[PDB]
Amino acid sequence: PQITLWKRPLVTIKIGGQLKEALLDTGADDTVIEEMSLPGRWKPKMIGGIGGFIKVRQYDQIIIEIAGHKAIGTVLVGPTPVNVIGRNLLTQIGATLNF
């Protein structure tokens, strides 16, 4: 699709057997999801944005379906105010910015 930016570019994702809404976010290096359980090992991480840093759990090799497109990569889980699909997964679905 071509998504305009008049409104937030929100899509449905499937992660860990759950449906969630998330923002397609070119300014996010990493994918950050609100608190949920995921399988496998994790390690702690701090990530920073406007407002400062939050502590997250880093899970690797997680499969996510984004607007119908499957991708695998690292997912950070923690107290983000919005679920964000970052560049690590946007690349895998072939997303580009065009103007």
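Don't overthink the numbering: it's just position in the shown sequence, from 1.
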inquiry  = Mean Cα B factor from the PDB record: higher for 37-45, or higher for 23-31?
reply    = 37-45
ask   = What stretch has the higher average Cα B-factor here, 88-96 or 2-10?
value = 2-10
ask   = Hey, what third does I64 fall into on Cα B-factor, ranked over its chain?
value = highest
inquiry  = Ranking every modelled residue in this chain by its Cα temperature factor as given in the entry, which third contains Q18?
reply    = highest
task = Ordered by C-alpha B-factor within the chain, which third holds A71? Give me lowest, middle or highest, please.
result = highest
